[PDB]
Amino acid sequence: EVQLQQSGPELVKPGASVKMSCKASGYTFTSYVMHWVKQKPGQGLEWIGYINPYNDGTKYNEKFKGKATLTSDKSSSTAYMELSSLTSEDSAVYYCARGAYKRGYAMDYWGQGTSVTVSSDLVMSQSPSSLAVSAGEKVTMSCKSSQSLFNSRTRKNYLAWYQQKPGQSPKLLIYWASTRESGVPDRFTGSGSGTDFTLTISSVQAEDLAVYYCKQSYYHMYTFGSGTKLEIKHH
């Protein structure tokens, strides 16, 4: 009668975050707390913490504070766990288990477990070295990597474009080669794929005086392009 059904297996990229489920049945969901145990492949069992459906209160194993986040939903008799900033050491099987007072606080029934697998020199050259352009003209900058920054898996290009104005800290303009950060004028448009990328400024303005850097960005490895200095001329 009692059953703990956990969500499917997850294959994720480092630094990512997952959130698994556990749907209870055959017992008053709020009458018993819900625990979460981690089991790294060959190794033993490790307690993460629990959630008390009745009052959404939770206790954590100190070690998982900042990693695991328990939570519940009385309406669907479901407990959730959310792993954040996934590292390789987060690859393991995660179980949800119901704790019972009438059972010496031991874990009555267990979920089947959810599998979480966290799994995945170079030259960045970009020109022109610099260029002066008349206010209003369209600007075009190039960036090329010795090896493709395209991930066929995720189907994304791991390239970013930073803008650095005189005496200021670099600012992020575009990521994933073509996504514009919030607060970045529509003028700026990143494009390209694999090896060759290009940052384009629709109609340059006086304020665009800066040096633009492209960077291949993937966890574990970051490479900055030589940068392109841009100055604005009158007209």
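Don't overthink the numbering: it's just position in the shown sequence, from 1.
Unmodelled residues of the deposited sequence between neighbouring positions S129 and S130 number none; the chain is continuous. If you average the C-alpha B-factors over 72 to 80 and over 156 to 164, the higher value belongs to 72 to 80. Comparing the deposited coordinates for 169 to 177 and 59 to 67, the stretch with the larger average C-alpha B-factor is 59 to 67.
As recorded in the entry, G26 carries the highest CA temperature factor of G194, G49, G26, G44. Among the modelled residues of its chain, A135 has a C-alpha B-factor that falls in the lowest third, as given in the PDB entry. Ranked by C-alpha B-factor against the other modelled residues of its chain, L122 falls in the highest third. Among all modelled residues in its chain, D208 ranks in the lowest third by Cα B-factor. Remark: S31 belongs to the highest third of its chain, ranked by C-alpha B-factor as recorded.
Residue-level temperature factors show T189 in the lowest third of its chain, judged at the C-alpha atom.
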